[PDB]
Protein chains: 4
Amino acid sequence: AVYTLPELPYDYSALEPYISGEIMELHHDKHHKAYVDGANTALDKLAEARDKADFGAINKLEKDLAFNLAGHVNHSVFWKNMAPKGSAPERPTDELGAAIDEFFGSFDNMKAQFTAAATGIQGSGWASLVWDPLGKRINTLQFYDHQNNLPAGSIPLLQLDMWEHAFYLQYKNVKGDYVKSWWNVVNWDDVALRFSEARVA
Amino acid sequence: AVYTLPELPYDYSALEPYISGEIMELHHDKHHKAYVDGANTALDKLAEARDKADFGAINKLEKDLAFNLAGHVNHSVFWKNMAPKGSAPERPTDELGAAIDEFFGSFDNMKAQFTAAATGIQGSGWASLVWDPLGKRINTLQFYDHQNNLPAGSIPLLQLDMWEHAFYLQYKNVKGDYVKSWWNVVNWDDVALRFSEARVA
Amino acid sequence: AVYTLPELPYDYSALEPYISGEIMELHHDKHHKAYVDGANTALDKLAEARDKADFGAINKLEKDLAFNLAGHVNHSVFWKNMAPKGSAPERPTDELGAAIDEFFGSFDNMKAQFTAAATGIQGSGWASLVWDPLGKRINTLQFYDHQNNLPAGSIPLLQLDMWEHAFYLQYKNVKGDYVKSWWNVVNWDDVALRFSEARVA
Amino acid sequence: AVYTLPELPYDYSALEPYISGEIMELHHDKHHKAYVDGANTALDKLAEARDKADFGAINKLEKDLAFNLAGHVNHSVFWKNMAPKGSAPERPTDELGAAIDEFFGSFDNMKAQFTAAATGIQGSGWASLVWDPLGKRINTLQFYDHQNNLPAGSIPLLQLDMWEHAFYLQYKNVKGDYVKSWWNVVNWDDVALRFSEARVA
Ligand SMILES: [Fe+3]
Ligand SMILES: [Fe+3]
Ligand SMILES: [Fe+3]
Ligand SMILES: [Fe+3]
């Protein structure tokens with residue numbers, strides 16, 4: 001209804017051998033699709049709650065909305081944050097490259113901090129590079145599940161799915177290798193565009 | 001310092017009798033100030049980590065940042081969302097008023113849903129009215145603590161602090177009385193401004 | 001129905017001036033009573049769900065049960081963990097005293113660790129001294145809200161309510177003073193009995 | 001070391017075809033071992049803190065302990081709760097069987113409620129059947145991660161790991177098929193033993 005499932009800007013197997021087509025197909029067709037259906041159903045439920053003036057399940061509906069909508073947002077950004085190797089620059093440049101050096105010291109320091117945040121998660125979660133509109137800087141955050149451990153108003157620039165379904169079929173328990181191979185398919189041109197729009201408040 | 005304590009646009013007792021000046025002074029001078037110092041320290045510690053190449057406490061630092069920065073963000077909007085009785089419109093009008101009718105059916109439905117979300121929180125949290133950039137709609141979210149149960153990219157329009165320190169000294173355990181009194185001091189002018197700036201007309 | 005509200009083993013004002021009778025009366029009559037009613041209602045809801053074979057709200061009911069039942073358990077232990085000054089020994093002795101020296105080094109070290117855990121909570125929570133039946137030792141835990149951040153099978157020995165409603169009317173934002181005064185009314189004889197029953201697996 | 005990795009009461013492929021031996025080996029040798037090392041380190045760090053009188057990282061250490069110790073506890077029960085098909089009763093009997101009928105109406109109702117709690121988890125977690133010492137009854141709880149959404153004093157009787165690593169390699173995203181297969185390998189003899197020891201006859 002309100003939300004729709006976006007299609008991939010590339011073929012399921014375009015990111016191989018870094019991320020297999022098997023994961024991509026299940027991740028998109030099964031997982032992401034579930035969040036879209038869940039977010040719409042949450043809205044229908046909230047609408048029905050208003051019509052009958054019965055808000056007894058408000059706590060459930062607010063979590064259903066937050067969980068599924070955050071899942072939809074996180075994955076929509078995730079797909080575009082990636083592109084076949086060689087399709088995008090190896091490292092950030094111009095506006096983004098300068099900003100990263102300012103807030104992290106160097107590209108490698110930002111990479112090290114992002115990596116540490118990605119692998120240290122106790123449970124499901126995400127590693128994220130966001131624009132802080134209040135402090136007007138780029139920070140790294142560690143999301144719990146899809147909707148926890150983040151300030152309101154945070155604009156996602158670059159995100160990495162650290163839920164097990166994103167790497168288990170390929171890397172098993174070795175998260176370190178998954179994050180290692182992911183750096184090869186990061187679409188820095190997409191992050192650059194997000195950084196530009198985020199900068200206008 | 002990257003973050004600083006904003007000054008109140010009114011005196012501590014300007015919201016009486018709806019909200020005690022005793023609560024306002026402690027809430028701003030003590031509580032809000034703490035989030036600013038915490039958020040600044042979190043960034044300093046992270047800079048320390050990168051310099052030493054030691055990210056052992058990454059999980060702690062990332063939570064310290066999200067919790068404190070979110071507290072800073074939540075209270076900053078909270079102060080401006082309020083104004084003395086009779087100094088602002090008693091009802092949303094124009095663009096904001098039309099949007100609320102479109103996404104909630106009416107102003108009464110919006111209030112009912114917002115109130116239900118406020119009083120039903122199991123633990124500390126917030127009742128929020130945010131702009132959803134993906135679905136291009138206004139939704140109500142129920143924050144847990146300061147940084148939980150919310151999608152990234154959510155832009156706060158109207159917020160209500162449901163932590164016990166925000167009402168205990170005056171209303172005790174009666175959460176219902178607190179929320180009912182709070183509706184009288186809502187500055188709809190500020191909300192309308194945030195609504196327009198959330199998407200630039 | 002299943003759960004009932006236990007009465008205080010002393011008068012509301014018996015713990016003064018460390019904890020006022022005003023807090024005790026509201027905490028018991030209003031707060032604890034709410035958890036008992038909530039826990040029973042959660043069971044009725046789960047029973048009704050089984051009768052009609054409709055488990056659509058299972059996520060809500062499981063959290064309602066866990067939140068309210070944990071609240072009931074935590075406060076039931078909290079009341080007995082306290083007694084008027086002079087009614088119980090100032091420090092633990094015999095079995096308990098020996099165990100504390102073994103797992104913490106000294107009584108003061110356990111006090112310091114417990115205090116640090118109590119005051120550092122980011123949001124609502126509890127500081128707790130529990131018996132770990134797997135490791136067969138006494139550990140300190142920091143509960144989030146009432147039902148988070150604890151292993152299953154943990155047996156509560158000594159607990160301190162760190163929710164704002166437990167100290168705000170008296171100590172305001174100064175948590176440090178609340179914890180400081182609480183040590184004066186700890187009923188070590190009650191903790192000793194809990195330690196004995198916990199030890200038998 | 002305070003904690004140690006328990007050995008499996010059967011071979012890795014003993015539960016096939018219901019649960020793959022590939023999953024069993026990684027789950028025990030890699031995953032469970034990690035919680036043991038983490039729990040031990042958490043205690044060593046806490047001892048370090050007391051010695052230095054520096055509890056600055058108390059919030060991190062307390063979460064590290066709860067998360068890892070809970071993982072250790074949850075998996076220890078999980079292994080024993082299972083046995084090869086045909087090596088244990090296919091249905092609860094005697095004392096345990098009568099108790100389930102008393103608290104759930106029937107075995108089918110218990111299974112339905114347990115299944116609903118298992119498949120509906122939003123994120124990582126567990127479906128648990130515990131003994132409630134306060135209410136003197138058997139309840140179903142839905143754990144988040146390893147250490148969330150549960151009352152203190154809860155004694156685990158039967159547990160099901162709903163984290164993605166527990167079923168992804170064999171069942172993919174179909175959680176329903178995993179839970180349906182798992183019922184075939186439940187060792188009701190072990191559950192009955194834990195039920196009796198939870199309250200000593
Ligand atoms: Fe994912
Ligand atoms: Fe506040
Ligand atoms: Fe309390
Ligand atoms: Fe597991």
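No hydrogens, no waters, no symmetry mates; every other heavy atom, side chains included, goes into these values. When a ligand or atom number is given, it counts from 1 through the structure's own listing order. Residue numbering restarts at 1 for every chain, and letters A, B, ... go by the order of the sequence lines.
- Aromatic pair C:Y168/C:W163: ring centres not closer than 6.0 Å.
- Figure legend: A:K63 and D:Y144 shown as a cation-pi pair, the cationic atom lying under 6.0 angstrom from the six-membered ring centre and within 45 degrees of its axis.
- Counting backbone and side-chain atoms alike, A:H165 contributes an N/O/S atom closer than 2.8 Å to the Fe ion (ligand 1).
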*Can A:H75 and A:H31 be said to form a side chain to side chain donor-acceptor pair (under 3.5 Å), step by step?*
CA-CA 9 Å; A:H75 290 88; A:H31 293 277; over 6 Å; no

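- Checking side-chain atoms of A:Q170 against main-chain N and O of A:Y18 turns up a donor-acceptor pair under 3.5 Å.
- For the Fe ion (ligand 1), the nearest N, O or S atom contributed by A:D161 is named OD2.
- Look at B:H75 and the Fe ion (ligand 2): an N/O/S atom of the residue is under 2.8 Å from the metal.
- In summary, an N, O or S atom of C:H27 is located under 2.8 Å from the Fe ion (ligand 3).
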